[PDB]
Amino acid sequence: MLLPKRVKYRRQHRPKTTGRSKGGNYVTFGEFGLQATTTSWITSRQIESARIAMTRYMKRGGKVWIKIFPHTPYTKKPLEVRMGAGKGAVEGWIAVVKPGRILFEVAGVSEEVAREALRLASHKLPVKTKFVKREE
Amino acid sequence: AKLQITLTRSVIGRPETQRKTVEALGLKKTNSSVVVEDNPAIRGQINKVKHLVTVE
Amino acid sequence: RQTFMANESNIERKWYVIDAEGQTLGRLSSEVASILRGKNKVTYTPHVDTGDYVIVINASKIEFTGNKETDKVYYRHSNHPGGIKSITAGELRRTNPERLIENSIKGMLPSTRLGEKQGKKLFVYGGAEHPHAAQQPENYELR
Amino acid sequence: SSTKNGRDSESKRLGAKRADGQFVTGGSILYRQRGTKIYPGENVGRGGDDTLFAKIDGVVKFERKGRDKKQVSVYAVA
Amino acid sequence: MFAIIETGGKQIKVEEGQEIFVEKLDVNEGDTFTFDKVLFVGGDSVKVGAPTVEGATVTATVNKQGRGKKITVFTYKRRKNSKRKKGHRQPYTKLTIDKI
Amino acid sequence: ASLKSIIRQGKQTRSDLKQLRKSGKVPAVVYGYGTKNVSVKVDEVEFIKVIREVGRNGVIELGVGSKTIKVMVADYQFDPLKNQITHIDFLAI
RNA sequence: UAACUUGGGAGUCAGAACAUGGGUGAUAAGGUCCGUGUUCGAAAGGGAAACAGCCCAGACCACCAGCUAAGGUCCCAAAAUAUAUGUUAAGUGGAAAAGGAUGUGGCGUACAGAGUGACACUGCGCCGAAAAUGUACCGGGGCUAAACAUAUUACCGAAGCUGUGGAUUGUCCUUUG
């Protein structure tokens, strides 16, 4: 349940989401990584589901890193209400991902057990992915 | 007396800023022509509307 | 004003006999359509008929391309509730080969009072024997 | 089911009023600001509310005054 | 025999001894005109090509000078209270070919 | 065998650089000591393997205009999505 | 080729769609509120099958004259069943996703006795794909090129431009032309 301990403002604007990724396009902690090829929003619940599956397959084999964090919240309106009369209330926290960013990095295992722990975790995410190694 | 510019496309549907550059050169209607000498400020007007006229 | 105009006192209509043996359905009907309309004469007039007569023999031996012998179906409604029938092009060639070419050429003509008169100058047979020898038909090769 | 916001104050027309190289009179306002974002120069005065005005007739000149600081001056035309 | 003559922005097919109607010319009644530009000289005799047969002029005689039948020009637009009515009569010259 | 090279003359347009990368050739700049700033052209594959032997800091010995100059790789640009090198900087000590 | 000043007379204060930069809503609405340009409003003509806002283009009048724009050239229906080299077999073209497949091309890195495996980045297809009067999402016939990609050479095509003859208003202001 990743969520910032405190924020200055609880009602923000939504990110642009159009363009290419800004930073974090390389592997710097582990031996392998999972790279994204499309744009989408990632919620804390999705990150939780996608990392528990990876941990189970590896059987506590090595280290796993999460390079994304849901910094931005989003509001939602009640059910069956009319337009206007103020803004909604916080519902959850999301993160913006664009083509060329790494989501998960693992280390301490082989190249085969690592290519199967990331495939079982890429089906929990709403974005397309790819297998990438530390570039030589 | 060095250049010849003729208007090929009309001005309907164009921004008002471009319709004003077609007036400084001396173009009234479609297919109308005019003769002027190659100046540094003359080519600055054609470059702005190079998608509408045909310099020869 | 000097444009020529054709009337029913200077028009000559002849008789042709075209063969459909080993020919594509769509590419053969598009040529017969222009003959029935008179689009090949230099004295063409729009408000009068100036085409000729055409006889189609060996209709049962037309050809299709691909899987159109099963995927192409013909529908028709009887004006009653739920009264819609159907038949495939492959099954129609084997039963009524003349209605297959007759309806394929009739759809390439205008739907006017003059176009219905130009569509009656067509005769289709499934074999090579036609009863119109008295009309003295002349052979025609498709271009 | 209500809003707590919805207040705002009238906008003040701050910024420069004359351009560089332009001729002005003895009492022409040159820059309205809060505080001192641009300092006065030769033949320039700072008003009560930090407004910059000229004192003679001449051309306006926006120049730099030190690292990361700007000024405005006025020179008589010859 | 025949010839194509260009007179008023159009072309015509004239024979010897035929009546024609063209745009208003300069000649008055009873004078003689001459078609400088001949584009084609047809028939079974010696023919020629283009752009324009040098020479081989045509001669005619001016018969009448009148105005075509009156034409009424009307236009309107529904629900806008806008209409316009005009009249028009096109002048013409009637000639008669003499010899090609 | 020393690798081959080409000299980019003038100034290329956005389209010229894109078409050059499409062909299989990557642009490069050499600004090391003892040389001027010249734009060069080297095959992407030819560089990918010659760098295998010399490694990261081995001596390239690239030849510009009939004059071989001993050089090394200082920094380069890489496209992670399409996995295509974009730019190479050669530094001659 | 305008602009500014003084005076006489007005109308207008319900706006709309498209592109684009944002808030709001659910990165829903032919939704709603602002920035910027165009069109409609008050704009006929050609194209998009029909279709105020989309594309081309601004109708003084007459003609059985010519050249072009958008869009097009097998038949309905005016113009190439044109030329050169390649791709697709599904009616794809002529409606959609996550995912699933030695379907088929292009460019790069002893296997049951001289041919078999393993990858990366990419063309065009397949499955995933169920609504109520009747074919029913090519406008119809129909088409395997009459589909797609990269080019060349012709032609058709507006009330646009030109040619010819006439109206009204001007500016020309030195032989009423």
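Residues numbered from 1 in each chain as written, not as in the entry; some residues may be left out. Chains lettered and ligands numbered in written order. Part of a larger assembly, values for the part shown. Heavy atoms only, no water.

Method of structure determination, per the deposited record: cryo-EM was used for this entry, reaching 2.9 Å resolution.

Engineer: Looking at this structure, I do not really get the sheet that holds strand β2 (residues 23-24) of chain D. What am I missing?
Structural biologist: In a beta sheet, neighbouring strands pair by backbone hydrogen bonds and run either parallel or antiparallel. With mixed pairing, four strands are arranged side by side in an open sheet as β2-β7-β8-β4 (chain D). Looking at the sheet topology across the chains shown, the edges are occupied by β2 and β4 (39-40) of chain D. (Pairing = 2+ DSSP bridges. Helix = DSSP H or I, 4+ residues; strand = E, 2+ residues; numbered from the N terminus.)

Engineer: Before we go on, may I ask you to explain the pairing of strand β2 (residues 53-57) of chain C in this structure?
Structural biologist: Every regular strand shows the same layout, with side chains that alternate between the two sheet faces. Residues and elements named next belong to chain C. Within β2, four of the five residues are buried, leaving the element largely enclosed by the surrounding structure. In terms of strand pairing, strand β1 (residues 15-19) meets β2 through five bridges, oriented parallel. Residue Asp19 lies in a different strand from β2, and its bridge partner there is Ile57. Chirality of the crossover, the property in question, places the unit of β1, helix α1 (residues 25-37) and β2 among those that are right-handed. Here β2 runs beside strand β5 (residues 122-124); their pairing, made up of three bridges, is parallel. Bridged to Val54 within β5 is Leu122. (Buried < 20%, exposed > 50% of the residue type's maximum accessible area, 1.4 Å probe, protein only. Right-handed = clockwise from strand over helix to strand, strands pointing away.)

Engineer: Is there a simple way to explain the pairing of strand β3 (residues 38-43) of chain F in this structure?
Structural biologist: Residue and element names in this part refer to chain F. Judged by how many residues are buried, β3 sits mostly within the fold: five of six residues are covered. Sheet analysis places strand β1 (residues 6-7) next to β3, joined by two bridges and oriented antiparallel. Bridge pairing in β3 links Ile7 to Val40. Pairing analysis gives six bridges linking strand β2 (residues 25-30) to β3, with the strands arranged antiparallel. Its bridge partner lying in β3, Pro27 is registered against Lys41.

Engineer: Explain the protein's contact with RNA strand G to me, please; I cannot follow it from the model alone.
Structural biologist: Lining the immediate environment of RNA strand G, one finds 60 residues, of which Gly26, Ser30, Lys68, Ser104 and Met108 of chain C sit closest. Here RNA strand G approaches the protein such that, of its atoms within 4 Å, sugar and phosphate make up 64%. A distance of 3.4 Å separates a sugar or linking oxygen of RNA strand G from a polar atom in the side chain of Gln90 of chain E. Those elements that provide at least two residues to the surface near RNA strand G are α1 (16-25) of chain B, α1, α2 (68-71) and β3 (73-77) of chain C together with β8 (71-77) and β9 (82-88) of chain E. The element best represented in the surface near RNA strand G is α1 of chain C, accounting for six residues. (Near = heavy atom within 4 Å. Polar contact = N/O pair within 3.5 Å; in protein donor to acceptor, adjacent residues only side chain to side chain.)

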